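Can you read through this structure? Questions will come right after.
Each chain gets a letter, A, B, C, D, E, F, G, H and I, in the order it is written, and its residues are counted from 1.
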Amino acid sequence: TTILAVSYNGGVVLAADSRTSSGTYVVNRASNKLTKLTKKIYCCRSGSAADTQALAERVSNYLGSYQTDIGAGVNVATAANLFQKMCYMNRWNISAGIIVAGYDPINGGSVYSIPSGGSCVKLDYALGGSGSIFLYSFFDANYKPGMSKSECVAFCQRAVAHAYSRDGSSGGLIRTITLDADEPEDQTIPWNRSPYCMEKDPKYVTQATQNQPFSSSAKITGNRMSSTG
Amino acid sequence: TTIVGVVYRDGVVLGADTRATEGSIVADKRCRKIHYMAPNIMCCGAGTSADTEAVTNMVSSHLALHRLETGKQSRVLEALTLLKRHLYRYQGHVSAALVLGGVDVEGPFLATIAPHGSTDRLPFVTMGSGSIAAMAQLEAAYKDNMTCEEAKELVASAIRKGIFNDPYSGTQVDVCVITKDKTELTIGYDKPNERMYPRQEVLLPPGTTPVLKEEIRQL
Amino acid sequence: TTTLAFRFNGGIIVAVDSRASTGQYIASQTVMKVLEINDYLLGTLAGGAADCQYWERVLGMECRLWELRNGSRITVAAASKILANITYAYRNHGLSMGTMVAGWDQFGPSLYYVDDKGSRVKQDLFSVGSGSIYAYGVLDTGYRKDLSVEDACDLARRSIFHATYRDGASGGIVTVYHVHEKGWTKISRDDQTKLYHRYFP
Amino acid sequence: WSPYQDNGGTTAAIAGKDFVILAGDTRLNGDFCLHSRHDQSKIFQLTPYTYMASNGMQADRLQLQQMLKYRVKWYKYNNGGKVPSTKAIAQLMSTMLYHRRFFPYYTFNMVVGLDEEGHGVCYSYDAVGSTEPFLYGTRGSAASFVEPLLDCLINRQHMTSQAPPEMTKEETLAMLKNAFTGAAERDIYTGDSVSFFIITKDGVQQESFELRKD
Amino acid sequence: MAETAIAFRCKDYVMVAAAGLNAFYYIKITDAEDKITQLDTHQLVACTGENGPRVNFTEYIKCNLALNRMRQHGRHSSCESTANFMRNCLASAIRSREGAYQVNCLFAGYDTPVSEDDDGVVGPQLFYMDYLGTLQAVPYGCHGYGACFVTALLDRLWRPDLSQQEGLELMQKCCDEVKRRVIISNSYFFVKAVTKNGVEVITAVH
Amino acid sequence: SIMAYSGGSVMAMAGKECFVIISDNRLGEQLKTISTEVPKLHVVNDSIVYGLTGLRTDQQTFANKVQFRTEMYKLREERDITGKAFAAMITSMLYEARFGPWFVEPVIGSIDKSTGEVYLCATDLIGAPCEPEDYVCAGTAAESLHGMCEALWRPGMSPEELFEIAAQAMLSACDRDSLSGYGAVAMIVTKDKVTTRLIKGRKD
Amino acid sequence: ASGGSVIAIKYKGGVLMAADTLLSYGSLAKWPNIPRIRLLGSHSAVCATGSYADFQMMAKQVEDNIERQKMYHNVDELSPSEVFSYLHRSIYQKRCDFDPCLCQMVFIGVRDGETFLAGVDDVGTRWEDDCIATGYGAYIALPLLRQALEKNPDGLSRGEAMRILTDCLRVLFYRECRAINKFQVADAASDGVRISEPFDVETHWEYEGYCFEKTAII
Amino acid sequence: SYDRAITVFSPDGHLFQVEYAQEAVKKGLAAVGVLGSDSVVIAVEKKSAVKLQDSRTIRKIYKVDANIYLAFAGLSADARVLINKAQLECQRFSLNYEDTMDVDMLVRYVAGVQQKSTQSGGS
Amino acid sequence: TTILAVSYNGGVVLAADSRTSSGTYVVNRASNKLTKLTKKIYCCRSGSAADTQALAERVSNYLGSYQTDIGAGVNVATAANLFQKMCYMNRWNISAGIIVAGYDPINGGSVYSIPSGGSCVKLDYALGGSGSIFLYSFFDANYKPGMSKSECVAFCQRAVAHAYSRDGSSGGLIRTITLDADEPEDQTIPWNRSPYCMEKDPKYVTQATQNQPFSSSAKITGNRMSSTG
């Protein structure tokens, strides 16, 4: 699982892969780790597939019962204190890394990263999942803050594609959605139209010369591809 | 243990404490931890008193035996190689952390040997249990090309960070200066903990303990 | 701890040591191993020092509340059954206590023994503790029912002593009581080192 | 994570004919570091005539000092202002250590006070409340240094000599300084400065004393 | 440990007694098995333990005393020389491949002057031993479960000047206490004695 | 533990021109007394007296290897062994068996016959050399002896008044230890004589 | 998420407290831009070494206690010695419930001259000194803080107590793995608690014994 | 549950629910017991010779202990519940004290149950 | 530890940090993980500081005894089969990740990566150490093969600096050396002249707004920096 959420001027861009894998076997290759809480507030979802699904639909029922009694819109800081309350009083029993990102008219675009420990940190961009450790040095070099909506979509799709190329846990589709003052626009690009893959990376075309022919010199001349020559 | 070392302008200065404890009680208060290796090489030691003394005397007799053959002054890099191959081939069972200092024709050589067998050649090293508290004094006040007096006081002020803060260390500062020509070993250089309130000396007269038999054997 | 008490023609004599050790360190040397419950009962202590001094203080409270309500003395068959029902109720709670109760009720004497597991036995001759196994062999050799009052005090003081001399967990000051029909009296209280130069001069 | 931790230090007391001297060094330390050198939380006052002097774990020490503090106050409110004696406090201590027997305190206690007659008596406790009245007592990490030392010079045993007269407050105080200057030499978890409390019938006087800093 | 060995020395004799019980975890195999091995004409050892190492230790000790009398022209060694040879075999076996001997034994003997130049020990000898290799010369020694019952019995009643009959009725008290308190059924005790005329098998006390 | 299986405490103090050494008399198996009249001291010559504590099987086996090596030293070298040579000899014996180690803790006391300097040494079970100038002590009551010896010692003691301090230190520490006691056997030794004293103790 | 070492010292007039602005997760340094110095009420401030989720719930609790006692009633604000006492009894309550607040904390506070400096552990230990350090600053930085309080018993001024914290934060960057060179310093004085803008220290890496040919193992 | 206070005080210091419970006994069957030197006799009224009652003779005086027996007067349904509390108390006593229960002990228990129903809600 | 070796046309560029750390404490902050075997063949050195030092000077004595008996130059493939032989027959007892890179006149610049398992793979660039997992997605995006010698030095110094900014195990100096047909040129740039650090990264200047002032609205207005305001 590689999940991330990046803020721009208008709102936020949620990004995630699509694969639940029982250790080493792909149980599902079209998962949806972008969970709707309210219309403009979603959450990314990593870790245990059952422990985080039960939290996401328990928060989303407190959060819709709140919205009816208030009669107004729900702030993102409200939804991020319902995950922190539940991920802290269950922190020894669940495995839950949650990234809460959304839009509210008061504060604009907000990103909250709630790790497995149960803390809450408000950010500009957040990373999560087992594939997130590849993306710290990728965002230190290639990420500049203050992009547009069209640039954050193509960046976060290029960000996830570098993550599941090296990670074995992550893979599949790339599901992204933007949350701002307009309608929430979702987009799912496949594997075969992904912006990066190592199989078509032109520097991994040459095989590593392991299987040397039996020869008279120490001059390395590539692999042995035939029984005759 | 709070053994340290410092490279100064011409030579090295080795430092140590004197406390030796066997299981939360102070066994000895004036143990000696700066050992002899060569006329130009000394060696501090931490860990177990059995393993430190027996790795040092074996190598220091091997360096002496190798000195009669060559007829030359012994290198500190060959003192280090004999220590690191012994401590590696027992795989950390010989629990001795070492600080090795010396002077050769190539200049001062200060390096440490871990109990697993790894070596680090640095301008200043600390080993033992109070090595963390003694390093913070060295990281705050070391500079290149210090005099013999400024390095002897920097070493002694780093031992007292292990005396007054580490419970496994104390009671004195041992300082050994290694030069190209001579080598000076002082034991009572800094005794910050003196004897406060000298003893009442409860007097018992000779004969007040009841004795059942006694046998006197003249010589 | 070595602790014995025996029953004979004339009452019950209780004899104990006074030593409490935490493994190889001796904590104290003046421990009262006999908690007198009231002026006609006794109770000894062996095993855990706090487990005994708590529940024999609870036992001394249930014996005093018996006399307040029912207007008469408690028997010894009811006094141990209070201590045995308490002990059996906490048999899985890791208690370590082995106690004898001794007293003169209206049916003569009776000498019982309560485990830390809820047992209660009725004999005329016990010896409890870690050094009890030394106190049996010198007592079973010289015990008989019709001993005199002075000789049974001598046999009890001498049987504790040979256990304190051999066991590392026993020693100190040998305390001998005597339970007659009017209650109990402290017979003697003497050091074990002074008692060595009497029995082997 | 383990919920028990030994914080060093030692406490010793020697009781006289109408006084007790009560001492305990001021040194707090943890895993391998040294937390403080000035902790006064080792000897606690319950009544003007009876103190408690405990050591071991510093966290369960402060909890036991407060539950002892308010059971004395419910005693004072329910008895018409009558202050509890040493014998009443030290049996209160012996019961509360057994009420928490299965999740106990990691403290080792001494209740130190005067009698109803005026004589001083010190008590000692294990982790579960084994009490005994006695004339002195030494707890802590340096107990095995000092408790054999107090056996040799207070009891006056194994010495074929006549008995000295009764010890004053000054000769007891100078004796007890020889133990803490002896425990500061040979115990690594003991000794920065020891605070002496002298409990007499006309109030309490308080002194301090300097030990070795290493 | 289920079977006891009781031995005490006096002015001119050494009593030994060893219960002849052999069991299989609760089942009495025997009741009369001799566990007091006659090493020499004036020396014997009362080993306790299971029957595996007990025979194989005593046969190694006995055949080496006899071999040391073959090679030394029939000269009987002292009791301390036999006892120090025994604990050498206990102490070298706790640091070996095969493991420690699980035997607890009491060595007993009488020292006679082998020639006119011998001015050594004249009296009796009694040595406490252990499975580790502890050796201690002792006035009386005991092993087994009933050892602590009878060691404090011999604290009460043993005297250095006991006669052959007074120590015979003392050993009868030693055997009747083990029958009284020990749960392990020791009914037959094999009392032997070492005197100046050799060993003798006492029939009366059992 | 294996080290406190047999019981017994041996200590030694250093004086002006003398030293003392003193052991208890108990042998045991973890609670029960096996013997009441067994010392732990050994004398090899008129200058060196050493005491062993720990496991009694190792207390006798190691002391046989020492006597095998001390008497072989006197046949090869035509002289008595000295204190610094004897202490450095059985330091090497406890280090050869470092992974199969002996369970002894030798307490060595020695003196120069011609010079008059005392030399104390107490190694660990793995042979850690340590020479204090004041006192050494090992055994089951060793933690009780560091309090008794350090609060009562002074450097300038006569042989008659050094015995009185070492005797009151052994007995007061054995009244708190349940694996040591039953009297004590001491040995004061000067340049001129060796005096061996047996001390009254509690029979508890 | 876990915090690093926190050091603090008293001077003539107030208390200083420094801490790096890093929140690591194991070895990974996730966020170098979060503030750890929370200030309590109007006279005090706390900072923690250990779990951040335990500190974020504990400091939320003890901040609600200061305001609601002050808002509801006509009482004064709690002193630093009384809100540290509530901080101590709340951590000890959690370990007796077998769910502790797994972090060391450093507490500072100044109320009209009376300066307060104390720390508290997850177990319930509390101590007061003129120099508190938690984490690996208790091993590294705390020996340097102790000698500079005893080389002048009259007291440190603010200028010389700021030199030695910078000398201690510099060695924490040298010798602690889970640390960065970005530090905030709280300053509790008679005016109140004031947290500074993040700064860095000047590090020296230019020794002639650190060169490639000397440290080589050929 | 239902625990409204029923047994309350009159304006003259009387308990109405106790004085009206004594009137239910004064209509009950008469039972007389006297005390001798070696024997105790108790005789009850045994309502009538109904001729329709069972030939199996029905005892009115109920057995409570091995030596302690009881006879009542009042409501015969309330007394059966009272005795099965006292027959349960004898087996509580010789399970915690190993003794035969005294006569004065059992009466202090039954009088303790009578008083406990005069100071309860809903009772 | 973050070690890497990158090939260009002439030879190779070795790059490493300088820090040996006993778990959590920096024992040495000026380590040298670039070990000389012969004049033109070095090895990077990760894992156990003692187990890899004993291998590096045991190979370097077999390799210099070979060079004297041959009378010619040592190939890099020769030196990489002496580490593979030793890291495989000791693989349960040591902890050793070795990157062997060098120069020989026959094959030019060679890079061999020998992991902890004991395998040998000939590469174009290699990564190693605990800090190497940050650099896979950094080399997938920012690395183009075929750079010059001056460009591979500034790249590998920029590569290590992104690695020890996130890694806690790695840090200190950056020691680089180039091995080609010229003399071996070494270079050690410090921390305070490193090409990247997060403390001077201009997007981590704004603190994450955690410590909100006690206010009347949900409008997030930054941290609370003073007791008065």
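Note that contacts are C-beta pairs under 8 Å (C-beta built on N, C-alpha and C of every residue); 3 or more make two chains touch, one makes a residue touch a chain.
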Notebook entry, point to check: Counting one step per pair of touching chains, how few steps separate chain D from chain E?
Noted result: 2
Notebook entry, point to check: What chains touch chain C and also chain F?
Noted result: D, E
Next item on the list: Could you work out how many touching-chain steps separate chain C from chain D at minimum?
Entry: 1
Item checked: Most heavily contacting chain pair (counted by C-beta pairs in contact) -> G-I
Note to self: Using CA atoms only, can you tell me which chain is the most central one in this structure?
What the structure shows: D
Notebook entry, point to check: Taking each chain's centre as its mean C-alpha position, how far apart are chain A and chain I in Å?
Noted result: 28
Next item on the list: For chain B and chain C, let me know how many angstrom lie between their CA-based centres, rounded off.
Entry: 60
Next item on the list: Return the distance between the CA-based centres of chain C and chain E, expressed in whole Å.
Entry: 37
Check: Could you say which residues in chain A touch two or more other chains, in rising order?
Finding: 121, 123, 133, 136
Check: Listing for chain F: what residues touch at least two other chains?
Finding: 32, 143, 146, 151, 167-168, 175-176, 200
Notebook entry, point to check: Considering chain D alone, which of its residues make contact with at least two other chains?
Noted result: 33, 144, 158-159, 178, 185-186
Check: Looking at the whole structure, which two-chain pairs count as touching?
Finding: A-G, A-I, B-D, B-F, B-G, B-I, C-D, C-E, C-F, C-H, D-F, D-G, E-F, G-I
Notebook entry, point to check: Residues of chain C touching chain D in their complex?
Noted result: 20, 22, 25, 27-28, 30-31, 48-51, 53-54, 93
Note to self: For a test of understanding, state which residues of chain F touch chain D in their complex under the given definition.
What the structure shows: 143-144, 146-148, 150-151, 167-169, 171-173, 175-176, 200-201
Next item on the list: Within their complex, state which residues of chain D touch chain B.
Entry: 29, 32-34, 141, 153, 158-161, 174-175, 177-178, 181, 185-189, 209-214
Note to self: So in the complex, the part of chain A that touches chain G is made up of which residues?
What the structure shows: 88, 91, 115, 117-121, 123, 127, 133, 136
Checklist line | Of all residues in chain I, those that touch chain A in their complex | finding: 75, 77-78, 106-107, 110, 121-124, 133-138, 140-145, 162-163, 165-166, 196, 198, 201, 203, 206, 208-210, 217-220
